[PDB]
Every structure is written in structure tokens, then in C-alpha cells.
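Participant: Before the rest arrives, take these chains from my complex:
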Amino acid sequence: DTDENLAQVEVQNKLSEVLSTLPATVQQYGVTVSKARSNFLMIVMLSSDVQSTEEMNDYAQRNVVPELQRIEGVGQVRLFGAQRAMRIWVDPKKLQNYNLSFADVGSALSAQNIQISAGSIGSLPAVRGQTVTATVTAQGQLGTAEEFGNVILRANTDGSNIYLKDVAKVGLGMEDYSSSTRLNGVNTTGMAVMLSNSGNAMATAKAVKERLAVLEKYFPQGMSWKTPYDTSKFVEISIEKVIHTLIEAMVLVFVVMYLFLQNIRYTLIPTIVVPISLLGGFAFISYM
Amino acid sequence: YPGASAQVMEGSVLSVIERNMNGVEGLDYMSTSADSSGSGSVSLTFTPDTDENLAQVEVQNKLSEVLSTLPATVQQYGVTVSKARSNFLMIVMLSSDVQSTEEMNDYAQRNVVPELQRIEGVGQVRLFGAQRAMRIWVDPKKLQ
């Protein structure tokens, strides 16, 4: 008896009661709850020349969450790969060289890279006859790989500073490096949309392929979208089959009746009866 | 986020929630309003078929998954979820002579939550002002 609405959130209920006892690394990561049909509706292969797999995975995350999760029917979209992160690759030998460690570099980034909020001038409460109220900004967040390399791991007394530029190779990489997707050999990066428990196949896949059609207009060009996997085409075949077969059976039934009743007047009526009686069934179908 | 300007508020807090808010069922569209008052908002308007019960709590679902990555100041404050019609039914003006605005706001919080939120129909009561706190006003010169 399907009621994913009451169950998914009673699951989140127990997990909200649980998250604290979970390891600090896991709790920082976050444990997700999903009412997920494990079946794949369709894949959307993104192939580009100027872009790379890492780079596409960053813009994939730019058209997939705002747009491909909003679409009706789809209750989950799984991206093959990972959005890009600031990967820092320390060398343990250069660590023991300066009498350093992983705890030092970790704390270094935890200190020299923090979100700082100041406040405002002439905020409330204010003095009498104050004139201007203005917020003040300060940035304690490193944005580029170079700024991450110039972070201090240790300050020597003579004025010399040990940088992450010395002990580590810093740059933009991915969060994970496990999943490898390939269309016909070439390195492509596809997105798999799955159905929620109220998900369709023709209407949903129609929606995602004509939504991605407009999405492509705002792509960094050189970016194309192919949909090899598609179960909506199997459904289209079914409605093609119902039209063709009903035509075959109807033309057939007419023939036997005309061959027996031997006049167009006699035979024209029961073939006019069947669309009416089947349309009646069709009405009952939408009702239930 | 008391100190957060518009951009810091939008980026460090509001944008973190939004990225998890269209996995919610029947999500028609969503907007975000981050201002310099140290307050931030993100609205999720749903498709016409009304079921606020399933939606409000799927919102809380994603936000329960989110609260940890949010700034320590915000997480200590707490981020609230509400199925709110923005229209004002009525205002209840409390006027007193012996009492002051600060003092009334303390007893306002004494008759409004136990009583004016229990009442059927009302799903939100907004108090104009704030309940009283132990304010400590340090002088930075006496600090140095």
C-alpha cells in the first residue's frame, strides 16, 4: 500500500534523531534519505570538445539541480562523476622535512580560509541624530588555487614562511575520482534520471528532453546533449501499435460484416458503434 | 546571520539550502531573498494542488540534512520552516502606560505562543519587535 509521503519522512524522523552519534566526518558529509525507484528512465550523455569531463561535471551540476530535479515525475537524478573541489595533494616527505604533518595543513586551511561576517555602521541601537547605516564587508575566503598555495603552515622567526605551495600540489580537482563514464569509447559524462513513485515514462522523459533543449541555449558552446537511453520511445511504439492494430481489427470486422450483411447501410453502423463504446471505456479509464 | 551582508548571507547560508530544495515534491518554483538586516529567506511555492502537510516536512527534511554545513552562528540561531500565507488577518495593538515597549514585548511573548498559536486557523503569529535579552555593551577602549 503505497504512501511514500508518510514513510520517507518517518525515515528522516529517525535519522534526524540519529545524525549526532554518527562519526564527525559522516555528519559533516551528511546522510541522505530518498524514496528511490532504482530503475533508470534515461541517460543524458553530455559530450564536448573544448570542455573536459571534470569541467562538464561542474556545469552539469548547474543545469541538473535547478532544472532537472524540478521537472515533474523525476524524484532523483544521479550524476556520473562528481562536482569539482579544491584538491590539495600534500607530499608526506616534504611534511617530515619541515617537521610538519597533515594536522598542520588542515588547521592552516581551517584558519586562513573562513567566512567572516562583520556588521554595520550606525546599526541599532544608534546614537541620536545618526545619519548613515552601512554594512561593512571583509573576505576571509580563498578563491583560487594560488591563494590556497600561499597559506601559511608555519611562520619562522627570521620572517620566512612555510607555504602550501612548497609542501603540496594545489589546484582544482574533483571530490571523487571513481566513476568513469564512456559513450562509444570517448570520455563523456551522462546524467541518469530516475522516476519517483508517481513517475511516468512518456510525459517525464518528454519533459526532461524538451527542458534540456532550452537549457542548451545557455550552455558554454561546444556542449552537446545526446539521449541514447530512452524508454519513452518504447511507449511511443505502443501507441503506434494500438492505432495500427485497432485499424487492422476494425477494417477486418467491417469486412466480415459487409460480406455477411451485403450492404453498406447495414455494415456502416456497427463500425460506428465501436469507437463510441471504446471511447466510453476510455472515459472510465481516466476516472479510475 | 547577524553580521552577514547581502552576499555573505546569500552565499554562506541561503544558497546552501536552495541546492537541496528542488528534490521536494511538486516544486513549482523557488526564490531567495537575502538582505543586509542579517536576515535571509528562500521561498518554495508549490503546484496548485494543495498539500502543505507533505511539502512543509519534505522541506524540513532537506533542511535537517543541511543545518550542519550552515555557519555556527546561524545553526545556533536556528533556521525555521513555515507554510505561510503572507497576508495579514489582523493586528492586536497592545498599549500601556506603566509598561514600556520592551516590557510589553516580554509579556507579549507570554500570551502569544501558549495561546495565540494554539488557536485553530492561525498558522503563524508575527510579533513586532523582539523578546528581551541580557544585552551587554562593552567599550572597546576599556578593552584595549
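Facilitator: Noted; the coordinates are in hand. Residues are numbered from 1 along each chain as shown, chains lettered A, B, ... in the order given.
Participant: ok, for the residue of chain B found nearest chain A, nearest residue in space, not its chain neighbours?
Facilitator: For chain B and chain A, the shortest gap (CB to the nearest CB) falls at residue B:3, measuring 3.3 Å. (C-beta placed from N, C-alpha, C; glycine too.) With CB to CB, 6 or more residues apart in numbering or on different chains as the criterion, residue B:3 has its nearest non-adjacent residue at 3.3 Å, and that residue is residue A:117.
Participant: Next: residue B:5.
Facilitator: Here the nearest residue to residue B:5 in space, its sequence neighbours aside, is residue A:135; by CB to CB, 6+ apart that works out to 4.3 Å.
Participant: Surely that neighbour touches residue A:118?
Facilitator: Yes. Look at residue A:135 against residue A:118 with CB atoms under 8 Å: they come within range, at 7.4 Å.
Participant: mind listing what the closest residue to chain B within chain A touches?
Facilitator: Checking chain A residue by residue against chain B with CB to the nearest CB singles out residue A:117 as nearest, at 3.3 Å. Remark: with contacts taken as CB atoms under 8 Å, 6 or more residues apart in numbering or on different chains, residue A:117 is in contact with B:1-5, B:8, B:12, B:71, B:73.
Participant: Chain C goes on too:
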Amino acid sequence: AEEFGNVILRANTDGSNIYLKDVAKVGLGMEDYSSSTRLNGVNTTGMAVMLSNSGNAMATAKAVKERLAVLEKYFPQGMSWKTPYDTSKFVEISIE
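Facilitator: Okay, chain C now, added to the rest:
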């Protein structure tokens, strides 16, 4: 507030203590100081009730005004409640 002023910020070796009474003005204030409400000029403080998505207008407003009626009995006196804004009166006009 007095107990908050006598908190130690630093204990000197001779026995002297640096208090918050010295470095700060401590007392009861508000959590925020932004919103300013005024009825006809005088400094009043009103409460705005909004409807849930299953909210009425006549029944709800009736309920809150006759609930606050009994609530006033337990008020620290000198405390009066006025309801200038009211959309239930528009409904009463309709049934009239």
C-alpha cells in the same frame, strides 16, 4: 544584570579582579532593535496573526479576539488590547 557585571574577565595576582562592571554596560535589553511599531503616533506593540492554508477569517478572528479577552484578565494591569485591523468585520458585512 548585576551578577553579569561581576563576572571575572581576568584575575590579577595581587587579588584584584577585572569585572564586566568595569568594561561594559550590562542590563536587560532586546534581542533586536530594528522594528518600530506605532499606533496613531504613540509607541505601541502589536501582534500580527496570519492564516494557515486551512485558515478562516470570521471564525479565526472571532477566536483570537475572544481568547485575548480572557487573556487580559491575567495581564499586568494598565495593559489594554485594541484590534483596529480586522477583516472579520468585512465578512460580517457580507452576511448582513
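Participant: my guess is residue A:41 is in a strand, correct?
Facilitator: Yes. Secondary structure assignment (DSSP: H, G, I helix; E, B strand; the rest coil) places residue A:41 inside a strand.
Participant: how close does it sit to residue A:199?
Facilitator: The gap separating residue A:41 from residue A:199 is 7 Å, by CB to CB, to the nearest Å.
Participant: shared neighbours, the two?
Facilitator: Contacts common to residue A:41 and residue A:199, judged by CB under 8 Å, 6+ apart, are residue A:74.
Participant: Neighbour count: the two, which is higher?
Facilitator: Shown here are residue A:41 and residue A:199; by other CB atoms under 10 Å in any protein chain shown, residue A:41 has more neighbours (23 against 19).
Participant: quick one: the more buried one and residue A:206 touch, right?
Facilitator: No. In terms of CB under 8 Å, residue A:41 does not count as a neighbour of residue A:206; the distance is 11.2 Å.
Participant: how distant is the helix or strand residue A:13 falls within from the center of its chain?
Facilitator: Residue A:13 is located in helix A:4-16, with elements delineated by DSSP states H and E. Centroid separation for helix A:4-16 versus its chain: 22 Å, with CA atoms, centre = their mean, to the nearest Å.
Participant: put chain D on too:
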Amino acid sequence: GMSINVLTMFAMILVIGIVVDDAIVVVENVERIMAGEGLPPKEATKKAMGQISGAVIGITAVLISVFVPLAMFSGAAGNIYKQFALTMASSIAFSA
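Facilitator: So, slotting chain D in with the rest:
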């Protein structure tokens, strides 16, 4: 389950004529017959109901038919339309 909207009352105020319409159609026809056929209150009504019953059925069915599709709209204007149409469709059904 619909709370009484304003338009619903408009109906019943507009409709109030149309509920009398059938009562009028009947009462006028017996009155015509109580002058034309001019027979005792029972026999005149027999002649009335015999010539005018189906004529009343007409009025009912045509108002019922024309008023139902105003409801088949979804949305804000759809809600208001469906309300007014349903309250009418009920009132005419009970007048019929």
C-alpha cells in the same frame, strides 16, 4: 466542503427569481386554467399539470445544462467560477 463565498450568495440572489420561475410558470398556468378551463381548484390543477409539466421540465434541464461547465475550470478564477456554478447547480436541482 466549500466555505460560503460571496458569489454563491449572488447566485441565490440572482437565482431566487429562477426558482420562482417554475413556481410562477405552474401557478400562472393553473391561474390561466382557473379562468380558462375555470374548474374547481383540483380539476383545474389536473388540467394544469397535464399541459405544463413537461414545459417546466424544459426550463429546469436547460438551466442545469448551461450552468455546469462554468465549474470545469481550475485555478484562482477557476475556484471562484466552480464555486458559483456548483451552488447554482445545486439550487436549480432542488428547485427542479
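Participant: on that earlier part again, tell me which strands and helices the helix holding residue A:13 is in contact with?
Facilitator: helix B:52-64 (3 or more CB pairs under 8 Å, 6 or more residues apart in numbering or on different chains; DSSP states H and E).
Participant: Dump the C-alpha coordinates for the next helix or strand after the helix it packs on into CSV.
Facilitator: Once the chain leaves helix B:52-64, the next helix or strand it forms, by DSSP H and E, is helix B:72-77. As requested, the backbone C-alpha atoms of helix B:72-77 are provided in CSV (Å, rounded to 0.1, in the frame of the first residue of the first chain):
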residue,chain,number,x,y,z
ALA,B,72,27.9,28.1,13.5
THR,B,73,26.1,31.4,14.3
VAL,B,74,23.2,30.5,12.1
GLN,B,75,23.0,26.9,13.4
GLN,B,76,23.0,28.3,17.0
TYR,B,77,20.2,30.7,15.9
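Participant: Check what contacts helix B:72-77 and list those residues.
Facilitator: Against helix B:72-77 from outside (CB under 8 Å, 6+ apart): A:117, B:1-3, B:12-13, B:67-68.
Participant: from these, which single one is nearest chain C?
Facilitator: Using CB to the nearest CB, the shortest approach to chain C within these belongs to residue B:2, at 9.0 Å.
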